[PDB]
Amino acid sequence: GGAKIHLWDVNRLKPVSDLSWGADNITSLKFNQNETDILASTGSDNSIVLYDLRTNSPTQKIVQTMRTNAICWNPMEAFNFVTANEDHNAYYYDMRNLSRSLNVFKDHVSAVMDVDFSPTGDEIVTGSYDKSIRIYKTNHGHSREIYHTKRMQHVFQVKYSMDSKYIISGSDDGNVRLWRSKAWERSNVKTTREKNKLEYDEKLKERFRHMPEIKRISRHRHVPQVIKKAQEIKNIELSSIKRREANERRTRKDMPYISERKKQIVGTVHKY
Amino acid sequence: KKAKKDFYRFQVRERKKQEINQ
Amino acid sequence: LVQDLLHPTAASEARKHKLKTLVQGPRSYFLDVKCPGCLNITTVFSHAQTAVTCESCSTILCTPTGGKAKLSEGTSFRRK
Amino acid sequence: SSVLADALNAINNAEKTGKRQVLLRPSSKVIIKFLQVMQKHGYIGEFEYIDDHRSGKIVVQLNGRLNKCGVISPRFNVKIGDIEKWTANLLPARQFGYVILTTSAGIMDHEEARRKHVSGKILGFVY
Amino acid sequence: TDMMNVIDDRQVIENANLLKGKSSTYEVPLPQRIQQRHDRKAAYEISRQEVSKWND
Amino acid sequence: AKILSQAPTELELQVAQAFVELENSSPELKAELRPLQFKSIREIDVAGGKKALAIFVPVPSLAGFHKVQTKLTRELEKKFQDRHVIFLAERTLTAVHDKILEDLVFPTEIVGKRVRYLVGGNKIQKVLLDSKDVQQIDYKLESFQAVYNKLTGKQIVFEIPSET
Amino acid sequence: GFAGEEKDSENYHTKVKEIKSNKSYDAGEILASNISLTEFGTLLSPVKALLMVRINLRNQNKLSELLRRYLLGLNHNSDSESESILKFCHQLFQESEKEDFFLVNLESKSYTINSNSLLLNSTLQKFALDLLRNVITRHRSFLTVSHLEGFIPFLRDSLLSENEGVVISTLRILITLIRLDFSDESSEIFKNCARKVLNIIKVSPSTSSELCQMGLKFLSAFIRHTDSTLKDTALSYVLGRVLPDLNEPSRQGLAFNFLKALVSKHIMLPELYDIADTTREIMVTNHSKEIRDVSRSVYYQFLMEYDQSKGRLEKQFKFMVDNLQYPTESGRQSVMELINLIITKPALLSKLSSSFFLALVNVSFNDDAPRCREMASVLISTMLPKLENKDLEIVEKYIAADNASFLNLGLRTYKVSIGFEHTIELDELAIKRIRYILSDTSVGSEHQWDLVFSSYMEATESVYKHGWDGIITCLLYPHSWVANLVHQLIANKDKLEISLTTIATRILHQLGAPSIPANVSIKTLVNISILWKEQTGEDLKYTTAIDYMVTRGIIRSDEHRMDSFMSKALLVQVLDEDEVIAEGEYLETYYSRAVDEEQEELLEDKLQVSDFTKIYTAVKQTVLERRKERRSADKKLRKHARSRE
Amino acid sequence: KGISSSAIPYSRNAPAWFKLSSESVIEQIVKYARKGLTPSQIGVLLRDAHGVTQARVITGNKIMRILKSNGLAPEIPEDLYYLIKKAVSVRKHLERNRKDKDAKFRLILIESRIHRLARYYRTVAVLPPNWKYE
RNA sequence: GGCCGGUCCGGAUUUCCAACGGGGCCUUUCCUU
RNA sequence: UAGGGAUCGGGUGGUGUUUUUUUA
Ligand SMILES: [Zn+2]
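Sequence positions are given from 1 along each chain as written, possibly unlike the numbering in the entry, and residues without coordinates are left off. Lettering of chains starts at A and numbering of ligands starts at 1, both following the order in which they are written. Readers should keep in mind that the chains presented make up only part of a larger assembly and that every value pertains to that part. Note: side-chain values were computed over all heavy atoms of the structure, leaving out hydrogens and water. Residues with missing side-chain atoms are left out of burial classes, side-chain pairs and their counts.

Visitor: Lay out the overall build of chain C with the relevant residues and their values.
Guide: Strands here mean DSSP runs of E at least two residues long; helices mean DSSP runs of H or I at least four residues long; both are numbered from the N terminus. When its secondary structure is counted, chain C shows one helix and five strands. Counting from the amino terminus, helix and strand elements in chain C follow one another as α-β-β-β-β-β. Principal-axis analysis of the C-alpha atoms gives chain C an extent of 55 × 20 × 20 Å. When the 80 residues of chain C are sorted by exposure, 34% land in the buried category. Summarising the internal contacts of chain C: among those between residues at least 6 apart in sequence, 23% fall at separations of at least 24. Throughout, the Shrake-Rupley method with a 1.4 Å probe supplies accessible areas, and for residues the shown protein chains are the sole cover considered. Total accessible area on chain C is roughly 4800 Å²; 55% of this is exposed by carbon and sulfur atoms. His residues and chain termini do not enter the charge count, which takes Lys and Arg as positive and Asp and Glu as negative. In plain terms, the charge of a residue is placed at NZ if it is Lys, CZ if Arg, CG if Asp and CD if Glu. Positive and negative side-chain charges of chain C, numbering 11 and 5 respectively, have mean locations separated by a distance of 4 Å. Only protein chains enter the accessibility calculation, which uses a 1.4 Å probe. A residue is then buried if its area is under 20% of the maximum for its type, exposed if over 50%, and partly exposed in between. Whether two residues touch is decided by their heavy atoms; if any such pair falls within 4.5 Å, the residues are in contact.

Visitor: Describe the overall build of chain G, with residues and values.
Guide: When you go through chain G residue by residue, the secondary structure sums to 36 helices and zero strands. Throughout, the radius of gyration refers to the C-alpha atoms, and the reference size of a globule is 2.2 Å times the residue count to the power 0.38. A compact globule built from 645 residues would reach a C-alpha radius of gyration of about 26 Å, whereas chain G, at 40 Å, exceeds it by more than 25%. Expressed along its principal axes, the backbone C-alpha trace of chain G runs to roughly 130 × 75 × 50 Å.

Visitor: I'd like a description of the interface of chain A and chain G, backed by residues and values.
Guide: Taken residue by residue, the interface counts nine residues in chain A and seven residues in chain G. Taken together, the residues that form the side of chain A that touches chain G break down as three nonpolar, three polar and three charged. Residue type decides the class: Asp, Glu, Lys and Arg count as charged, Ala, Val, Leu, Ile, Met, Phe, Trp, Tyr, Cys and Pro as nonpolar, and the leftover types, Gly among them, as polar.

Visitor: Kindly report on the packing of aromatic side chains, identifying the contributing residues and their values.
Guide: Measuring from ring centre to ring centre gives 5.2 Å for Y81 of chain H and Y82 of chain H, while their planes differ by 55°; the resulting arrangement is tilted. Two rings from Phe, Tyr or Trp (for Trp, the six-membered ring) form a pair when their centres are within 6.5 Å of each other. A pair whose planes differ by under 30 degrees is stacked, one over 60 is edge-to-face, and the rest are tilted. With a centroid separation of 5.3 Å and 45° between ring planes, the pair formed by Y120 of chain H and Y121 of chain H is classed as tilted. Taken together, the ring pairs connect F7, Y8 and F10 of chain B together with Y81 and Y82 of chain H into an aromatic cluster. A ring has a charge above it when a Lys NZ or an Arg CZ is no more than 6 Å from the ring centre and no more than 35 degrees off the ring normal. The aromatic ring of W54 of chain E is capped on one face by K53 of chain E, whose charged end is 4.3 Å from the ring centroid.

Visitor: Just give me the short version of the sheet that holds strand β4 (residues 77–78) of chain D, but keep the residues and values in it.
Guide: Residues and elements named next belong to chain D. Whether two strands pair depends on DSSP finding at least two bridges between them. What the four strands build is an open sheet, ordered β4-β7-β5-β6; its pairing is antiparallel. The sheet terminates laterally at β4 and β6 (108–109), the two strands that pair on one side only. Here two bridges tie strand β5 (residues 98–103) to β6, and the two strands are oriented antiparallel to one another. Bridging across to β6, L101 finds its partner in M108.

Visitor: Please set out the interface of chain H and chain B residue by residue, giving values where relevant.
Guide: Accessible area lost upon the coming together of the parts is a frequently used measure of interface size. Taken together, the 20 residues of chain H in the interface contact ten residues of chain B. Put simply, the parts of the chain that give the side of chain H that touches chain B at least two residues each are α1 (24–34), α2 (39–48) and α5 (78–96) of chain H. Considering every element that reaches the side of chain H that touches chain B, the biggest residue donor is α5 of chain H, with four residues. Across the side of chain H that touches chain B, the residue classes break down as eleven nonpolar, four polar and five charged.

Visitor: Explain the sheet that holds strand β1 (residues 31–34) of chain C residue by residue, including any values.
Guide: Residue and element names in this part refer to chain C. As summarised here, the arrangement of the three strands in space is β2-β1-β5, forming an open sheet in which the pairing is antiparallel. Taken across any chain shown, the strands that pair with only one partner, and hence form the sheet edges, are β2 (41–44) and β5 (76–79). Averaged over all adjacent pairs, the angle separating strand axes in this sheet is 30°, with direction ignored. Here β1 runs beside β5; their pairing, made up of four bridges, is antiparallel. Paired with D32 across the strands is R78, a residue of β5. Interaxial angle, 0 to 180 degrees, is taken between N-to-C directions of lines fitted to C-alpha atoms, where a helix line uses only the stretch in contact.

Visitor: Give a detailed account of the environment of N70 of chain H, specifying residues and quantitative values.
Guide: Residue and element names in this part refer to chain H. The topology assignment puts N70 in the loop between α4 (63–69) and α5. In this structure the C-alpha to C-alpha distance between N70 and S5, which are 65 residues apart in sequence, comes to 30 Å. If we ignore the near neighbours within four places in the chain, the residues touching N70 are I26 and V30.

Visitor: An account of the arrangement of the chains is requested, with residue identities and associated values reported.
Guide: There are 16 pairs of chains in contact here; the most contacts are made by chains B and H. No interface is formed between chain B and chain C, the nearest pair of C-alpha atoms being 12 Å apart. A gap remains between chain D and chain E, which never touch, and the nearest two C-alpha atoms on either side lie 25 Å apart.

Visitor: Hey, could you go over the environment of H6 of chain A for me, with residue numbers and the actual values?
Guide: Residues and elements named next belong to chain A. Position of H6 among the secondary structure elements: in strand β1 (residues 6–7). Measuring from C-alpha to C-alpha, the distance between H6 and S110 comes to 31 Å, with 104 residues separating the pair along the chain. In this structure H6 touches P15, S17 and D18, once residues within four positions along its chain are discounted. In terms of polar contacts, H6 uses its side chain to reach the backbone carbonyl oxygen of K4, at 3.5 Å. Think of a polar contact as two N or O atoms within 3.5 Å of one another; within protein, one of them needs to be a possible hydrogen donor and the other a possible acceptor, and neighboring residues in sequence only count if both atoms come from side chains.

Visitor: Go over the pattern of salt bridges with me, naming the residues and quoting the values.
Guide: With a closest N to O distance of 3.7 Å, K229 of chain A and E232 of chain A form a salt bridge. Here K229 of chain A and its partner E232 of chain A are both found in helix α3 (residues 225–251), three residues apart, which amounts to about one turn of the helix. Any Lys or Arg side-chain nitrogen found within 4 Å of a carboxyl oxygen on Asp or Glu counts as a salt bridge.

Visitor: I'd love a proper account of the pairing of strand β5 (residues 47–52) of chain A, names of residues and values included.
Guide: Residues and elements named next belong to chain A. Bridge count for strand β4 (residues 38–43) against β5 is six bridges, and the pairing is antiparallel. Its bridge partner lying in β5, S41 is registered against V49. With antiparallel pairing between neighbouring strands as the criterion, β4 and β5 make up a hairpin whose turn holds three residues, including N46 at a positive phi of roughly 50°. Pairing of β5 with strand β6 (residues 57–64) involves six bridges; the strand directions are antiparallel. From the neighbouring strand, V49 faces β6, where its bridge partner is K61.

Visitor: Lay out the packing of helix α15 (residues 254–264) of chain G against helix α17 (residues 291–305) of chain G in plain terms, naming residues and giving numbers.
Guide: Residue and element names in this part refer to chain G. Put simply, α15 and α17 touch, their axes get as near as 10 Å, and they point 15° apart. Here α15 is positioned roughly parallel relative to α17, judged by the angle of their axes. Along this stretch, α15 crosses α17, giving a crossing that reads as left-handed. Contacts between α15 and α17 involve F256, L259, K260, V263 and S264 on the former and, on the latter, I291, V294, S297, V298, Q301 and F302. Classifying every residue of the contact of α15 with α17 by side-chain character gives seven nonpolar, three polar and one charged. Oblique is the label for any angle not covered by the other classes, which are roughly parallel (under 35 degrees), roughly antiparallel (over 145) and roughly perpendicular (65 to 115). Definitions for this section: a left-handed crossing has its near helix turned counterclockwise from the far helix by less than a right angle. A right-handed crossing has that turn clockwise.

Visitor: Residue-level account of unusual backbone geometry, with values.
Guide: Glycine aside, a negative phi is what most residues show, and trans is what most peptide bonds show. Between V28 of chain E and the following residue, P29 of chain E, the backbone shows a cis peptide bond with an omega angle of 10°. Within the secondary structure layout, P29 of chain E lies in the loop between α1 (2–7) and α2 (32–51). Backbone torsion omega between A14 of chain H and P15 of chain H reads -20°, so that peptide bond is classified as cis. Mapped onto the elements, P15 of chain H comes out in the segment before α1. Of note in the backbone geometry, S36 of chain G takes a positive phi value of approximately 60° without being a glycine. Along the chain, the position of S36 of chain G falls in the loop between α2 (22–33) and α3 (41–50). Despite not being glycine, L438 of chain G has its phi angle at roughly 60°, a positive value. Positionally, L438 of chain G belongs in the loop between α25 (418–433) and α26 (439–451).

Keep in mind these values describe shape, not function.
Following this line, the structure appears as structure tokens:
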């Protein structure tokens, strides 16, 4: 991705193909892990463009509100990807129906700089422009866990190691760090009584997850107070927008309900 | 309505004719 | 809240003030009014600021207000 | 105040408070050249020129590279023997940041000015 | 055509010269970018066809 | 008939015959094609292959081509079909490039010019069309940027604040 | 360097010395300087002197065309055409085949790894480009196997392992070298590079690149001229890779040459039948020259030189009929050129020459102006080489084929069993005698009303241009001579008839009366002056002089100058003819002043009559002044000047 | 102090619904000015009634330029005229009842605002110097 | 540098297309200034 | 440093009740 997207192999010193729609640069791109002929990119038109290299052509584009920082495909689903864009949430999109971003992982306070999947395909990791990475389950849409440290700052590139155990976070202050994914487990082989106990009370926490003090303990983290202030004032202004929207919905005839997943899409070429 | 009896140079022509005839 | 400071949604552009947009524009609009005495067309401003009178059938067409001038009760208009 | 100076104050304190995009009007061509060279050296990112008929609005998108721009008032002549002492008493360290001069043959920073072997009057600085 | 309808009026020999039993061919064509949009719509359709495989 | 005094081309004679043909089909037009005159026309292909006709009008009749332009351009897109056609002005100089763009696009509108300065030092100069007439506007955008390219030297990309 | 940077920079306003003439300079310079031993080394050494540091794509590309300028200078003068440059090429092929604890080091700055290793390869690529165009020194009787077998083992390396810079030129060299029978190792190299271009098409996801296009040209030459072409399914794959690229014909060219080669070698490939369909499509609809022409070539070679199904062989002609109405004005002409090639270089012409005749008639009745000339030409060529029964039924349908019958009569006459054509002319005479009813009288009445569709007319004028019955035709020709171009054609026909065989006075007066109330009018005026010189002699001469005085806007003034030139005893008949030519003694006014100088140059009695006529014009001015002074438009006498300026 | 201004559009080949010519506009303008209408009022009247967007973009030149070009120009600029006659009205009112020290303060401000554009107009010399308050 | 015959069964003739460069050159024609 | 809830003055839009209808 440059001023225009070029496809080339390592055997010839010229671009084998131009691939762009029009005159707009390509801010990032990523191939697929399976159906490897297909790939996606994100341009500074606030746009997602999918390309297929069999037909050697771009094949669809959507425009969203704010600029998409980084794509990452799914290793398991193979036609779902995640876009991380500058409004403070990541978007688990489909590919075959690009009009409803079928999940929205919301809990950030600034621009989400990159994201990748775990190789097990059900737990993704976003690193954002606020000084904190966080790891999401796929089918929730809120933070499973927040990692931050005082020395990391403006964390730009976070990737997931190929055994779904470690989270590599490369920041802006220079350092690149290792983290565990499951932050409470440990990485040694365990005797089967320990394995049975840890797995047992893992299942037990899972089924008693909705008790109202197990939930507050398992939900309590310690965020830096910049993120705390930004999250709570984001909450009060979101409640304000919801209240004023409720007043207009009370009066006006047809302000139709749009889904939260359909909210950020501003357009799509090839409507069907 | 809001016409003016001043402000134009043909109006200084008519008012110099006024100020020399009277 | 948090907005793309480039080209935003048209739903927000038609919402914010006509000065504060990225490229400013008007919001008044011209419109063809039929004076009901003799049916012929004249254009008129929206924030019309004065009493236009269609000189063909010189009745009255709109009296002005602080904002949009209201039209005189038998008139018929096409926005353009 | 000036037109370059308040735009530089805007893109300074806006990223001090940590945003990604800024707006700056009236966007004169010296502002165009001044942040042209800083996106050439990789201190801001891409920037758009919205062009109305009035003056134009430059929208700079930027990451957390930059920490301080700044103008110099007034804009006085400096020699090839002077730009080293101005980089001394104007930047924190030596081989880090730049000092932007209006040279005669172009508009450049100090290293490309001493590379093309020209000079001019001092304009501003960024590190 | 008008010339064909004025000429071929009397004689029985029509199956030799009036071969034009079918209408015309070969549209204008469409311009470059619109042709690009059309065949990349076809590309999106065959791509969704080729990953509906992976659905199962 | 109504050309400038230089000897025209044969296709200029054909489009002049189309002009006198529309003048033969007179009384539906309001004597609008009486004060016509053109300095010269010139036709040039686009990267799409099909050609475009720049007709230079000596500019009382840019505004004289007032509401007749749409009717006569579909008329001559029927008569001398398939070649995209445009009417232009003629001879700081940013003003004359601005004006030839402004009547080059259509009498539709332009609503805003952007030019983004990329991180490689390149620039991209976008012009922004109105919201309207889009089903016939989109068919000729590459032609418009090609004729602005070879009529100015500059590089311009047209787009609409719409879907495509 | 710095002068080039300041010449291509931006903060640099103007000078007159701006266009860089150096690229032209070197192509003009090495003409003299081609020592090709020492000063050419001092040419190529500063190339490397910058090609060992860092060079972008911009500097690379301008250096590549600079080397093209060098090679164009070598094309102009090739100083020694005997192998001292060839040894030089072979020569450059051989050329381009605890102490830190005390070490103070201060002002640290790292270098980058680009500087050595890009320039390890790029100089080699550019030397291979320069050298291999030097081997495309094309001078005939300098290619021998003993000359080239030293170079085959060098180019066999830089064909395979080159990465795209020179490969396009190396197989261009092999296109030039496919004629000369080489050694067995080198023919193996030919087949090996055929496998190489096969793998090139197998790896490249577009055939509209210059590499694949040049390789298609090489496989064209390899198809045409070798002993045994093979891998037929592989070239079927190649052709199937070619066919979806032909939605975009853009310098395909070479690809059509490849199509030409295998359709000439006549290999049975079932995808070629779809290739023919798509090439017919782009043959009509493609909006360039010469690509439509090479597509006509391949489609025509397929249609004439391959087999077909016995419904498809007429279905393609039904496509020809359906493209004969094509809305653009040049694709239809390409259709006409292919129909011309169908009629020319058979019983197929007889079998198809009925539908083709009807469609060429409908294309003659079309709306395109310059295509109607090609329609007439193809109609003439189809009628001349037709058979007996085909032309008989064609003339029958043309005769029987009301303005439709008029146009069909005109077309059948223009194509025109000469007795059968005279029988058609008899029915056309039955049309033509009924085709003269008060039209020229209505035209004169319209001229008088102005001073206060002629379809059958133009058809009968064409019939008169084709042609006591002819005397009655010449009488009707005077009836329509006495719709401006229609009356001009009628006047040309009557002038030809009167040149063939009171009447002259009537003809000259009706000719003069038409000018008052064109180049064809100038021809009719010259013919009428010929008739007046051939001609109540003095009475008709005074009538002609009175008509010239009534004539004397630019066409009528030129007619007056032409009538005065036809009039000029020298003055005894020309007394009553200078009553207006001396009165004229605004480019039309400058031409009228030149006409007055011509009338004055072209004499004692004539000068006396001219002085008397000048006194008579002074007397007429006195009479008009007396009428005006007896009448006395006060403000209207200046309103003309105030409205003019 | 806040903002209250019109925002003239980005268009300058205005406005494509204008059936009217470009000579009847100048005719209407000289009609209104020889009816005795100030530049602001002639502009607003043909904006509303004979609907132009603005004459500087329908005609190729502003209305002060075309008033000078048809020989109908003012002898003092419009702003100085309106501000002078406001000054004489507030002076007449204070002359009537001389206790109004608020009108005195406002008259001081009005005369200072007169002197501002007065010395501006002397420096540009549209009305000639020696000019001080009629 | 490529594409087309027509002289004869691969050497001379030719049309068009592109890339450089060459020459006359289109725009103060009416006006004090 | 920003955000929020009101309130006053003006404007725009919505569409329910107070309002009304050929006097402005
Ligand atoms: Zn009325």
